[PDB]
């Protein structure tokens, strides 16, 4: 119900462009795997679209053909929007080609995703605010993650994360500025070991995008561990993939927006040990840091953490980001079952870019986002299905 069409670009996706010397076995393999992918999408009622600029000629064993008759011969269950053949199609890098497809097929923006590799296609999808699916089977990418190394991975992403009705296992709201989402419920019997980076970034990407949560998001960030001596264990493992998801949302990932200045249950323990970094890394390739604090006023920011139990961590993140004027979304991989989230607001003013020390009495507990009333009416099974996924019959 969420995904209704997949747009495919050509360059280094359907046909290798950058390098004419791809292994000859590879191109035939990719052609075979792409037929499986398109038949899979057809099997689910999902439309296959090719979006191209030129009806270029394609060297074949039999001779040269046009791109149109190449695609219709090799992948007949398809819709070819070729700008050279139809002046009504706008230039793709402006993102307006997305709006065209939306109207032509009567589809919403986030009922579509965009498979591509070239920077031109990355622009076309992100300028169109459509989720980018970076295909890297012909041309590798080393700068960031959230990649799809072969067509099968796109089918795995769709089947596992994009077809179910329930994108969030738990979600709740309070006032107008408190918004909590969690992918799956969690329960344990003790006081990456669950899943894998690619599993969690793909889970996040799908649920965030198809629920509509990514609309207007400017920033993605993670929280900090309790240990001042090692506060970025999660961010460090997830950095590569979060960089890629931010590129795909056309947002910016701030790895070190939160500082744990002291090692850290009353929520004061979190508030009194963290603050916003006035100079986080602006250029994750260089390590170049902001010259002035990031402008968070009026900006939507997605705060990602692994576990949400009673909300002490997320509420501290929200408190600091709210004090700096941001609009905050609190997202979690896992929500502990039968534990309520206590929502808090500070009585005294917060200095968000430096350390604060609040009393117990400086906390106003204003409400609760209970568990049983916010569950969407299994993680074990989802990881197994993803880890063991293969083409169906």
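Positions refer to the first chain, counted from 1.
In this entry, residue 191 is separated from residue 192 by 10 or more residues of the deposited sequence that have no coordinates. In this entry, residue 377 and residue 378 are separated by 4 to 9 residues of the deposited sequence that lack coordinates.
Looking at 114-122 and 192-200 together, the entry lists the larger mean B-factor for 192-200, computed on C-alpha atoms. The PDB entry reports B-factors from which the mean C-alpha value can be compared for 312-320 and 129-137; the larger average falls on 312-320.
You'll see in the entry that, of 41, 26, 328, 341, the Cα B factor peaks at 341. Out of 269, 292, 263, 214, the entry records its largest CA B-factor for 292. Per-chain ranking of the deposited C-alpha B factor places residue 174 in the highest third. Residue 47: CA B factor lies in the lowest third for its chain, per the PDB record. The deposited CA B-factor of residue 36 belongs to the lowest third of values across its chain. Per the PDB record, residue ranking by Cα B-factor puts residue 307 in the highest third of the chain. Residue 298: CA B factor in the highest third of modelled residues in this chain (values from the PDB entry).
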